[PDB]
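Down below is the structure, laid out as structure tokens.
One-based numbering, in listed order, for ligands and for the atoms of each. Because only heavy atoms are used, hydrogens play no part in the values below, and waters and symmetry mates are left out as well, while side chains stay in. All chains are named by letter (A, B, ...) in the order of the sequence lines, taking the proteins before the strands, and each is independently numbered beginning at 1.
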Amino acid sequence: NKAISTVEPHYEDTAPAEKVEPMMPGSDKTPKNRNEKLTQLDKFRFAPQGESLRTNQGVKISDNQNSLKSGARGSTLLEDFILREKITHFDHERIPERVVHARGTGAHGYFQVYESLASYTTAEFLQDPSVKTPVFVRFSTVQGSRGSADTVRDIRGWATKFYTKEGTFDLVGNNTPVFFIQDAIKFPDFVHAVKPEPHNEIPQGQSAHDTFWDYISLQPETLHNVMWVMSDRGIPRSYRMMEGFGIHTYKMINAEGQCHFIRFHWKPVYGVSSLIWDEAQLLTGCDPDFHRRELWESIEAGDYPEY
Amino acid sequence: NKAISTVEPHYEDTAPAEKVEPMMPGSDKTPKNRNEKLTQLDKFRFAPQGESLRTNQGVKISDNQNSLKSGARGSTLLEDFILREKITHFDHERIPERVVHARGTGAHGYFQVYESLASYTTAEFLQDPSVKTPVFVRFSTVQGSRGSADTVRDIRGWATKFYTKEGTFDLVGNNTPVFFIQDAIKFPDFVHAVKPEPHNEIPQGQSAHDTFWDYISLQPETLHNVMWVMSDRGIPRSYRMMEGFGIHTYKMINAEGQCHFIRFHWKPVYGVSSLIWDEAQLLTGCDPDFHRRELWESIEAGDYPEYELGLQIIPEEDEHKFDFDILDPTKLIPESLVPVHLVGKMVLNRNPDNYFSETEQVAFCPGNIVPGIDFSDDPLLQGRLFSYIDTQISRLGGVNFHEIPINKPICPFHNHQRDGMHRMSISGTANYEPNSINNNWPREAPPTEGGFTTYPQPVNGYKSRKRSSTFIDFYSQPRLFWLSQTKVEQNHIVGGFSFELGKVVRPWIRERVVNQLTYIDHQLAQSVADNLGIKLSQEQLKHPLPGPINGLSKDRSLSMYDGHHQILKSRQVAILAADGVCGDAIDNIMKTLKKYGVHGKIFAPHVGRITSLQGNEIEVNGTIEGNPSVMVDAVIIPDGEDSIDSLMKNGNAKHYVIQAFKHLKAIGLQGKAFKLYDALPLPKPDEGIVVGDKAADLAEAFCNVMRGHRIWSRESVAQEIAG
Amino acid sequence: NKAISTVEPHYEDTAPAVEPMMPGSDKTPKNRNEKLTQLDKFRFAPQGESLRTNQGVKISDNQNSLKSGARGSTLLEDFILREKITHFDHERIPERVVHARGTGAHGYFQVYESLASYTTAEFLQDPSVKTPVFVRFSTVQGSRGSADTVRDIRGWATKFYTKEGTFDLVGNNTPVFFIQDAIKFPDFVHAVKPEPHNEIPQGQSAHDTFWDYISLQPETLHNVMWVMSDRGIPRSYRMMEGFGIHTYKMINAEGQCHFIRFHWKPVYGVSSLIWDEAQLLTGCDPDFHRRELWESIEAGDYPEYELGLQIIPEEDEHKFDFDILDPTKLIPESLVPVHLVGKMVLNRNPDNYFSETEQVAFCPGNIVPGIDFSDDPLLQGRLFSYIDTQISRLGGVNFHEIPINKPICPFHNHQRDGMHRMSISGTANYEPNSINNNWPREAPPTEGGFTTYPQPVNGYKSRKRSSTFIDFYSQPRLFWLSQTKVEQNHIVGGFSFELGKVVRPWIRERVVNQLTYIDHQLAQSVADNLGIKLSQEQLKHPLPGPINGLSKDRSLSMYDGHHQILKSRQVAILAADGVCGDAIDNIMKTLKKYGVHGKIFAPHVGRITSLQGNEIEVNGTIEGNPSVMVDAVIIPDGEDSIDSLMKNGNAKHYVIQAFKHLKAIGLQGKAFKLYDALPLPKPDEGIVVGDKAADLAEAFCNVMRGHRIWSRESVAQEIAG
Amino acid sequence: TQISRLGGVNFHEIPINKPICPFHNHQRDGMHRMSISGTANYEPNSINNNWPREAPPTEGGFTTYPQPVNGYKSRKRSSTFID
Amino acid sequence: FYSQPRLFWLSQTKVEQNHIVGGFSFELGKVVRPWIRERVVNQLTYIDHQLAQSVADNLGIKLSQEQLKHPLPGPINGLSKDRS
Ligand code: HEM
Ligand code: HEM
Ligand code: HEM
């Protein structure tokens, strides 16, 4: 019988004969969407088709269903290096989540300047419109851990990694033009206040708790961005439909050595739109992955985020 | 200048000088609940009252508001060591989450044995009823990451650490009596399949996706535990209202060397109660911390989680007398065959002071046994014994995690082990055995002196990788489970399969799962097929069904609602009121509810106080907006002309009643409040709708209705209601 | 049956029916301090205790894995075995990236009189307070298994556990460093560390990449001169000086800033090995300095040092011919004298090397109120580095909860979590809060809250070496000119031996070229040793002038400028069976009268028999304790002893070697026969010959006061030993 | 031991440690994951037709030789070792 | 601390202003300690008087005459609201 076969090594095909479309790796769905960075990554990709299942040392595995035992009903033997390698790796899959912005989602793309900005900066990636500068973007919330829901009321992070010829440039901004605090020495204090409270780790994904508003009430410098996050800016409809801001003033230095003060903005081509609070709360219940899913499906459908 | 003063060193008071209750550390709210483990933890606690803010080196900080800069408007200097120490620590706060059961909640308590079990085991913590064994317990889901929601559809994990005098005993279980797979080597496969998918990490806290069901349809050993989690068992109302199971067969050894096969159980004193799926999902939206908050507040309210420890006890010679292998962890032992003997009680009565120090860092492992208990040849259990110590090497930073205060035993623990990261103990004697330079101390302990010995089980066979033929039985117990369910319980099972499969994109996976169901029961298979648009073939409804199990076709204990009790105490009730409410009715409703250990919470259109028609002020627990009906077990609306009319202009308030209705809950209406029920497209009051005018008498009959848990007979008409 | 029992559980006593080195709690429990008392809670006493797993479960059989039969397969269910091996597998943590090789001890510090005039620091306020310390001494290049007596800078880190904070004085045994700006530190270290292809050489700067970097970075030459000198090979950590190097600030209660440089001056004098001797010692006792310090604490010859300060008023910062903020410059004690302000005693060895010495964490950013930083660009980069390194070395940001690292004063703040969090907090984790009335609270400066001295800051954001830093040869020249002639020779010896092991000849010529800018005699001597012809232009390179009218400074010379203490030194007494017993007694009693330790080395261990028939306990064999491990050698009379030693190549070689290492050798009676039979020149001032043992030993002790017979060095180079 | 010495369970991806033959399986993640996987991470699977696949022993899939095992679970030194 | 919050508030449409009011009221309605809600509402009287009143209404907080007369910040370089 074939019930016996399911607990024996599986040497035969499992896909059905015949062989609306599911989310899949970007390599399977958009292999023609290319840039230099993606090409650099190709050499770390696998093609398992036809390949034998192996240990990390390259050793072919004949039986992925059973530990090695003293007989078919016996005690598991310490000499099952295959079991122990398989379980060891699994036991250590996890790495720490980001201390803020733990919950996030990412995509590849490219950046082009419109025309040389040589009047303001020598930055290579801002000189030649013909350059296709690879980017990778991670959108995120702020307060919640990596399993928390997408459509919470929160600031959204927006981090863009520009892989330029003269260096990697990161623009690590948010979806509002200001921040809560003025000096970095207060960041742990502010983060601790907004995070789940230390005794019980409640609440997840929400600033609606005593310690956050205790801090606000005692630190009025926070009122401006609080205004922002209590608006509907704090519940965007999609990462494709929010603005982005470096928040800080930087400096651009041109080839003459003239400095301009500069502030970075992203303006979405698909506009700026938000949920309403009740719908945003209900979405955390029925699709905690909504923004992550939306971005992934939008790219798969050719509704490419453009900013 | 008061705006300026906020950004300057704060040397003055901040609390309001007067100096209902917020949740708090357990030391603040229940200091009188004590045990030996908690006392041990006291040496690591702090009382900052009156203390200077300092660096980790003990240097007093004068100005916690500003970095050190070249001027008030300059660049930050590298020499600001206070800044960097503060930000460094912050930057490295997070440690890896558990690889499974990442989302969890813990509590302290104690266990007591009812009377010595010395006839069955030498286990110290089971020999003396006068002892109070400290415990720590972590409840958890399985699939979600640490920030995922509580009331998902998932197995619940249940880990109890017994701090015994002869060692720390870890009982590491779940809330269903079986597991999905038979051999440890499949565990990463099964977990990878249920976890979010690796390309996009979707979905969170949900088995309703392709890879999980794909694995299921190809590994029919999983069908029994899938049945449990598709049932309402997969959505418990409370960690206090769920059953617990060690799952595996263990051995107990008594002082004469006789061996009994055992299985561990927890039976809740507060009964076994579940949510219904629609309610659970909505609850992930409006309180993702529901279970965790509920456990924390029940302990602060003195509704202490209580559970009885049970043992099924099989003498060694009855091992092969069953119609399944008791070494098979996909099989349960029917309670009608082998009764659960209640041998003790555990009470969780004290919350942690710091969730990370205690709940995040605690480490359980099934390997952590004590003399008197031993392992069986359960091939899942055997592989478990390796993983828990291994995983903790990176989760908790090395091999010294037993020195983290919550993990410390409360008995001595001398050995020759040394070093490792974050070594806290200081050893000044010989680090090898045997030694003569310290007269070979610490010394091996003979068995008659309580030294651990393995029971000399016979071992015969050939080295092999092969599933035991006594294990090839994937369908008999899924059928036993299904036949044991009431019809309402079977419908929720069918609903679980249908909702989950409906999110599976690849049709052939759905087809193959339904196919598996045709080997468990034909009604089950057919009903799931219809919800999925699958026409079953004639041959599939001809698929042979498994026979009975040691004379059993069903087992009442397998059914939640026909087989276990519902308890009123600890439940929550929303009292819907606005300004102008009858003050007397609120008084008498609140008092009647509490007479039965039921908590009434007033929800109004605003927080603070509402004024009664008598002109008295009533403290409000929260807004109706903020506390929707899925958060309570039942709803009551008192009288008051101006309160009822306010609520009839409130879509939230009206939806409260429609939703509570659709979720089969008790609804109590006093006086004019019935005009609010009449205006909704809800039918004539059923047996779970209670109307009257005397508020005390109404509250009494209401409480009596809430004893049914849910109004199941209402399930059919609630399907048409638009909410 | 008895062989059978050795592989069965051990339930019975194994203890049997001068002394070894032991943990401090065993050997000096009466020497205590506040920090040692704090550590007691973490100490264990397994006497009478069962062997147990880490979870508290007693173990019955620590001899066997759980198997499928006595001859079977080991079972995965053996959790006892797997927990034991697992802990073993993860014992090792990363070694320090520099100063990996080190040794630690507890003690205390006392200020002589309040320094309130210059600083508010609490541990410098009250002469009656005993402030606990922990000190780690180290070399710099080698990894943790490398040898003690290499040629290297020595690190010197003192953790003061004060009532208002833990203060770390992280210094070296020389007053300058090799580089000026922290950014160069990884370049310099990579150059000195073993070369990256072959990881050769261990514990030596004598290789191409180090001298390559020296040759391109003349700022390094000052400290190179120190390490090429005999300062690079201290006799003992008890007998070197110590320096914080950087200029720090000291703030008093008025807010007045004094510039400050820290010093340790050893009570036991400043003494060094000689190169050939040092190198041999890495061979026969790679733990020499650790053992000697451990044993000096157990002997009672407790390490003692006086803390010194050079004190410079703020308005004098720019009055020197060098930047006091330049870490390659020292402040000559002839210009700015060192005021001795307090005393450190090291009086307790640890119980567990790993728990205490290995895990201790120092950082120069660990200051306390009353002290502040200067703009020394080396020191500024150091402040970042120490905390950051400890993140991976000690596994996270809670290393301060490791018991050796804990302050003894309170340490409340709002920090939380991190790996292996010991503390359990229950109050508000953010400031400002009201839910806990904002405790813990900021402390006003007048209450001890740390504040930074408001130094002015004027300039432009730039990457530039200060022009006042560009002086590379004047202090090397001053240090050269301050050495005695024997010390200059050993400097020349240091450079020539090291450059001798450089393969690429252009590196050696480039270093010699640098030397021609310091002193022409030095360059010429090194060049001759390396077969290098110096051009005439090189011989004529211009030499720097005096520094604030100074061309020598006596304090820069070990032997002309510092004292040599007889107390605590070690003397080998060579003797076999048949030795004169009264001679030994008389030598011993005399040595002891001056605090010197006599060690009997014999051809076998146990006891030897004297010609008077008495038994004498032996300290070790001659072959096991060669002459490089002692300060001097004495040979008592006794016909059978002498005859035994003359048949012993090692015993004969013991005398030849000690001679060549310029050490005092005492010979009683027939013992001179042994010296006379050897290929040695006639006795000199350091060969004490006598017939009376007591007399001979008194004279022998007097010769030891000189440390070495420097005048012997010329003929020593012709000795075949 | 190598989990802490080499920083986690992907030390096989450090170049000197890499094998020179293929090595597909369903392991994933862990600290410093270099390789980028894009197929099903569980076995059995149907969405990628169960590749990578177990290999029959006659194809070179590892197998333990079926040595007989007979004894009692016990911690004991074999008498034949006592020499 | 208040000019830019006020500038943000006055640049919002009426709907957007109501949603901002809902944000504070919903969030502050899960705050258990009453003095925290009252202090937050007290900060809002330095931003806009209506905003403070609408939110204090939803929290059962009676504003005082002293509070309802709290000074409001002036325009920002002539600007009182910005469409962006
Ligand atoms: C100007 C306001 C700030 C903005 C807009 C901002 C933005 C972000 C964003 C978007 C991320 C997530 C990057 C990712 O996807 O991986 C992030 C991470 C982080 N930020 Fe901030 N941040 C700000 C302020 C701060 C401050 C003051 C600190 C503390 C000094 C801080 C520390 C961090 C840390 C530690 C992370 C985690 C980085 C990682 O693990 O990779 N940020 N920030
Ligand atoms: C009998 C079926 C099993 C049950 C009932 C069970 C139960 C649990 C529970 C309750 C936890 C969470 C404990 C806590 O921290 O609160 C847990 C964690 C874990 N289990 Fe299982 N498990 C089972 C099977 C397995 C298997 C087969 C493996 C793999 C060998 C495994 C590996 C793990 C690991 C690695 C953890 C995380 C431990 C940690 O991080 O501390 N379990 N299990
Ligand atoms: C005046 C120059 C310096 C002196 C006197 C000095 C002294 C020392 C000493 C004595 C130690 C060993 C401490 C112990 O026993 O644990 C040490 C360690 C160390 N130093 Fe330096 N150092 C100097 C310059 C530097 C610089 C420029 C850096 C790099 C910025 C640096 C980085 C380190 C590091 C990373 C350690 C290892 C710390 C640890 O692992 O605990 N130091 N230093």
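Below 4.0 Å from some heavy atom of B:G383 lie the following atoms of ligand 2, by number and element: 30 (C). Residue contact check: C:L378 has heavy atoms under 4.0 Å from atoms 1 (C), 2 (C), 27 (C) of ligand 3. Close approach to B:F364 involves these atoms of ligand 2, each under 4.0 Å from a residue heavy atom: 13 (C), 14 (C), 15 (O), 16 (O). For ligand 2, the atoms sitting less than 4.0 Å from at least one non-hydrogen atom of B:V99 are 35 (C), numbered in the order shown with element in parentheses. Within the listing of ligand 2, atoms 5 (C) sit less than 4.0 angstrom from a heavy atom of B:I247. Counting atoms of ligand 2 from 1 in the listed order, those under 4.0 Å from a heavy atom of B:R395 are 39 (C), 40 (O), 41 (O). Proximity to B:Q392 (heavy-atom distance under 4.0 Å) selects the following atoms of ligand 2: 39 (C), 41 (O). For ligand 2, the atoms closer than 4.0 angstrom to any heavy atom of B:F179 are 2 (C).
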TODO: Go through C:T328 and C:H222 one step at a time and tell me if the side-chain hydrogen bond (donor to acceptor under 3.5 Å, both in side chains) criterion holds.
DONE: CA-CA 7 Å; C:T328 80; C:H222 191 187; 5.5 Å; no

TODO: Determine, step by step, whether A:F187 and B:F90 satisfy the ring pair (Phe, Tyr, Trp, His ring centres under 6.0 Å) criterion, reporting the C-alpha distance in whole Å, the side-chain angles of both residues, the deciding distance to 0.1 Å, and the verdict.
DONE: CA-CA 9 Å; A:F187 196 70; B:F90 172 78; 5.5 Å; yes

Open item on the list: Go through it in stages, so that I can follow the logic: the residues are A:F264 and A:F245, the test is ring pair (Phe, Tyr, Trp, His ring centres under 6.0 Å), and I'd like the CA-CA distance, side-chain angles, deciding distance and then a yes or no.
Closed with: CA-CA 6 Å; A:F264 293 100; A:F245 311 88; over 10 Å; no

- [ ] Determine, step by step, whether C:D376 and C:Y248 satisfy the side chain to side chain contact (heavy atoms under 4.5 Å, CB included) criterion, reporting the C-alpha distance in whole Å, the side-chain angles of both residues, the deciding distance to 0.1 Å, and the verdict.
- [x] CA-CA 9 Å; C:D376 166 336; C:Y248 289 83; over 6 Å; no

- [ ] Please test C:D181 against C:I179 for side chain to side chain contact (heavy atoms under 4.5 Å, CB included), starting from the C-alpha separation and ending with a verdict.
- [x] CA-CA 6 Å; C:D181 190 304; C:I179 62 177; over 6 Å; no

- [ ] For A:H248 and A:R263, run side-chain hydrogen bond (donor to acceptor under 3.5 Å, both in side chains): C-alpha distance rounded to whole Å, both residues' side-chain angles, the deciding distance at 0.1 Å, then the answer.
- [x] CA-CA 6 Å; A:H248 305 294; A:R263 279 216 187 174; over 6 Å; no

TODO: Evaluate side-chain hydrogen bond (donor to acceptor under 3.5 Å, both in side chains) for B:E97 paired with B:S145, printing each intermediate quantity in order.
DONE: CA-CA 7 Å; B:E97 77 184 16; B:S145 287; 2.8 Å; yes

TODO: Begin from the C-alpha positions of A:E243 and A:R233 and carry the test salt bridge (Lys or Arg N to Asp or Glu O under 4.0 Å) through to its verdict.
DONE: CA-CA 9 Å; A:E243 294 188 291; A:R233 292 271 182 165; 2.8 Å; yes

- [ ] Applying side-chain hydrogen bond (donor to acceptor under 3.5 Å, both in side chains), run through B:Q143 and B:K195 and close with a yes or a no.
- [x] CA-CA 6 Å; B:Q143 193 256 34; B:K195 281 279 179 182; 5.7 Å; no

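A heavy-atom separation below 4.0 Å is found between C:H246 and ligand 3. Ligand 3 lies nowhere less than 4.0 angstrom from a heavy atom belonging to C:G102. C:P327 does not count as a contact of ligand 3, since none of its heavy atoms falls under 4.0 Å from the ligand. Heavy atoms of B:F245 come nearer than 4.0 angstrom to ligand 2 in no pair at all.
A donor-acceptor pair shorter than 3.5 Å cannot be found between the side chains of C:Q359 and C:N405.
Considering B:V137, B:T105, B:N175, B:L348 in turn, B:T105 is the only one that fulfils the side chain to side chain contact (heavy atoms under 4.5 Å, CB included) rule with B:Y239. Evaluated for a side-chain hydrogen bond (donor to acceptor under 3.5 Å, both in side chains) with C:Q415, the options B:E85, B:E93, B:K86 yield exactly one hit, B:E85.
With hydrogens left out, the protein atom closest to atom 10 (C) of ligand 3 is C:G171 O, 3.2 Å, a heavy atom. The closest protein non-hydrogen atom to atom 13 (C) of ligand 1 is A:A159 CB, 4.0 Å. Looking only at protein heavy atoms, the nearest one to atom 40 (O) of ligand 1 is A:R98 CG, 3.7 Å. Nearest protein heavy-atom neighbour of atom 38 (C) of ligand 3: C:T389 CG2, 3.6 Å. Remark: minimum distance from atom 4 (C) of ligand 1 to any protein heavy atom is reached at A:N174 ND2, 3.7 Å. The closest protein non-hydrogen atom to atom 14 (C) of ligand 1 is A:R138 NH1, 3.5 Å.
Distances from atom 42 (N) of ligand 1 to the protein include at least one heavy-atom value under 4.0 Å. Inside a 4.0 Å radius of atom 23 (C) of ligand 1 there is not any protein heavy atom.
Heavy atoms from other residues, nucleotides or ligands lying under 6.0 Å from CZ of A:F179 number more than 12.
Between the CD1 atom in B:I185 and the CD1 atom in A:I82 there is a gap of 7.0 Å [rounded to 0.5 Å]. Atom OG of B:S140 sits about 11.0 Å away from atom CZ of B:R103, to the nearest 0.5 Å.
Here atom 21 (Fe) of ligand 3 has protein N, O or S atoms under 2.8 Å from it, and they come to 1.
Between B:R138 and B:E358, no side-chain nitrogen of the basic residue sits less than 4.0 Å from a carboxylate oxygen of the acidic one, so the salt-bridge criterion is not met.
Considering backbone and side-chain N/O atoms, C:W156 never comes within less than 3.5 Å of an N/O atom of ligand 3.
At a heavy-atom cutoff of 4.0 Å, ligand 2 is contacted by the side chain of A:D91 but not by its backbone.
With sequence neighbours left out, B:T176 forms a side-chain hydrogen bond (donor to acceptor under 3.5 Å, both in side chains) with B:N225.
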